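What follows is a single structure, written as structure tokens, with notes after it.
Position 1 is the first residue of the sequence; numbering continues from there. Any value given below was found using the heavy atoms of this structure, including those in side chains, with hydrogens, waters and symmetry copies removed.
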Amino acid sequence: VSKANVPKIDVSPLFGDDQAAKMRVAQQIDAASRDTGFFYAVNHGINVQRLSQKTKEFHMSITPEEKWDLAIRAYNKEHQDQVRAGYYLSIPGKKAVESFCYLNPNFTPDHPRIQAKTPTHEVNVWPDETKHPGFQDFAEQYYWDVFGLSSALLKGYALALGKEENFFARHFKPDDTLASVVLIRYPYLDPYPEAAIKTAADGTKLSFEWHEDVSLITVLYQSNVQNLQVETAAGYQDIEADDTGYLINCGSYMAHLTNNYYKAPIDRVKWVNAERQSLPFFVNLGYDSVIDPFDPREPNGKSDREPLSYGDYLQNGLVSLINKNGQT
Ligand SMILES: CC(C)[C@@H](NC(=O)[C@H](CS)NC(=O)CCC[C@H](N)C(=O)O)C(=O)O
Ligand SMILES: [Fe+3]
């Protein structure tokens, strides 16, 4: 098994006013997006130390009673409104992974998409504040911290494609974004149940099978345990870990709108018997956001692909990923 070229890109100029320097970042994003599809964003400004600390404290202290009380509908029939947000239980002996997903903190009973019961919009559920002091505040501020990083990365992608720097970010708004954070725990288990391990076609033991991301882009922090592999024509390649940088890649919505000039890379999660953390931020737009496709490889730049409304893309994509790779 070979190793993916995953360049480390200093993205801090995307926060600044040096336009030529932003173009030099944009070039690097273009190159990475045309090669393996991945890059590490470094010099990003986010306190990833605290993020890993607060997440571990939550995972290791939440009780079975709290997990039922917060469980999504797939684990608790009482919670019919929780399709996306809430706790995703492990099944000891069968399923090792467990996680907690939350959405836009601005999705409240006051929000018109909650009032209208629009699919993919939900009000976040939270544990008792006194049982998990500071957790909700941490989690909501992390959402906006990584929102700000993601908005800057979207400026880099727009420039990389020959667009004005707000081409994507103008659709990425705090009042309506469908973006999600998932706080994933992968446990150490002894013995590790074979029922929780899948075997790939090439024989590799996996915790999660191949898939394209359902996102515009994916902004991922993981603890320092190597596990990801990207598919290339030469086979699956190991993605090296970096627990200070953010692993970035395009989702299938970007592959659609660029006429596949920036492909959505296929990745999978190797089985590793180790306590670790996987904390993705899925950069989703608003429910009615439509980006007109284009083809940066054509002289006239024209694409015949349908402009796709993002909310319907997200709803169909999330169900499809569950049907293909199982309920997480
Ligand atoms: C590969 C990582 C990003 C991570 N996998 C994942 O997060 C996988 C594959 S991208 N993602 C999903 O299943 C979609 C979660 C969507 C979320 N409930 C929501 O409603 O928005 C892992 O470590 O398993
Ligand atoms: Fe993925």
Exercise. In Å, rounded to the nearest 0.5 Å, how long is the span from CD1 of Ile62 to CG of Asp128?
Worked result: 11.0 Å
Problem set entry | Salt-bridge criterion met for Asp243 and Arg276 (N-O under 4.0 Å) | no
Exercise. So how far is it from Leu308 CG to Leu314 CG, rounded to the nearest 0.5 Å?
Worked result: 12.5 Å
Problem set entry | Interatomic distance, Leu154 atom CG to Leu149 atom CG [nearest 0.5 angstrom] | 9.5 Å
For this session: Indicate the ring-plane relationship of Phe208 and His211, choosing parallel, tilted or perpendicular according to the 30° and 60° boundaries.
Result: perpendicular
Exercise. Has the side chain of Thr108 got a donor or acceptor atom that lies under 3.5 Å from a matching backbone atom of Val123?
Worked result: no
Exercise. With distance as the sole test, does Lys155 use its side chain to make a donor-acceptor pair with the main-chain N or O of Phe15 at under 3.5 Å?
Worked result: no
For this session: Please check if the side chain of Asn259 supplies one atom and the backbone of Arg305 the other of a donor-acceptor pair under 3.5 Å.
Result: no
For this session: Kindly write out the residues that satisfy ring pair (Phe, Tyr, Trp, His ring centres under 6.0 Å) with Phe282, not counting sequence neighbours, or none if the list is empty.
Result: none
Exercise. Judged by modelled atom types alone, do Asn249 and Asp267 share a side-chain donor-acceptor pair under 3.5 Å?
Worked result: no
For this session: May I ask you to decide if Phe172's main-chain N or O and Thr177's side chain share a donor-acceptor pair within less than 3.5 Å?
Result: no
For this session: Could you tell me whether the side chain of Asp30 and the main chain of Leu161 form a donor-acceptor pair under 3.5 Å?
Result: no
Exercise. Hey, is CD on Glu65 packed in by over 12 heavy atoms from elsewhere, all under 6.0 Å?
Worked result: no
Seminar exercise, completed: Rounding to 0.5 Å, atoms CZ (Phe138) and CG (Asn47) come to a distance of 9.5 Å
For this session: Applying side chain to side chain donor-acceptor pair (under 3.5 Å), run through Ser52 and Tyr221 and close with a yes or a no.
Result: CA-CA 9 Å; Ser52 177; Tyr221 185 79; 5.5 Å; no
Exercise. Is there a donor-acceptor contact under 3.5 Å from the side chain of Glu129 to the main chain of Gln136?
Worked result: no
Exercise. Closest heavy-atom contact between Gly203 and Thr199?
Worked result: O-CG2, 3.8 Å
For this session: Take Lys270 and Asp238, measure what salt bridge (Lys or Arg N to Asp or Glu O under 4.0 Å) needs, and give me the verdict at the end.
Result: CA-CA 9 Å; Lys270 295 193 295 191; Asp238 281 329; 2.9 Å; yes
Exercise. Only one of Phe135, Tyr142, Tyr102 clears ring-ring contact (aromatic ring centres under 6.0 Å, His included) with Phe58; which?
Worked result: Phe135
Problem set entry | Reported OH-to-CD distance for the pair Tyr310 and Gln315, which is rounded to 0.5 angstrom | 13.0 Å
For this session: Would you mind reporting whether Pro293 and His256 have side-chain heavy atoms less than 4.5 Å apart?
Result: yes
Problem set entry | All side chain to side chain donor-acceptor pair (under 3.5 Å) counterparts of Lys67, not counting sequence neighbours | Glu98
For this session: Check whether any side-chain N or O of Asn104 sits under 3.5 Å from a backbone N or O of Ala179 as a donor-acceptor pair, and report yes or no.
Result: no
For this session: Could you tell me whether the side chain of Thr55 and the main chain of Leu51 form a donor-acceptor pair under 3.5 Å?
Result: yes
For this session: Could you tell me whether the side chain of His44 and the main chain of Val146 form a donor-acceptor pair under 3.5 Å?
Result: no
For this session: Could you grab the distance from atom CD of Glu57 to atom NE2 of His59, nearest 0.5 Å is fine?
Result: 12.0 Å
Problem set entry | Residues in ring pair (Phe, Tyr, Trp, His ring centres under 6.0 Å) contact with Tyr88, at least two apart in sequence or another chain | none
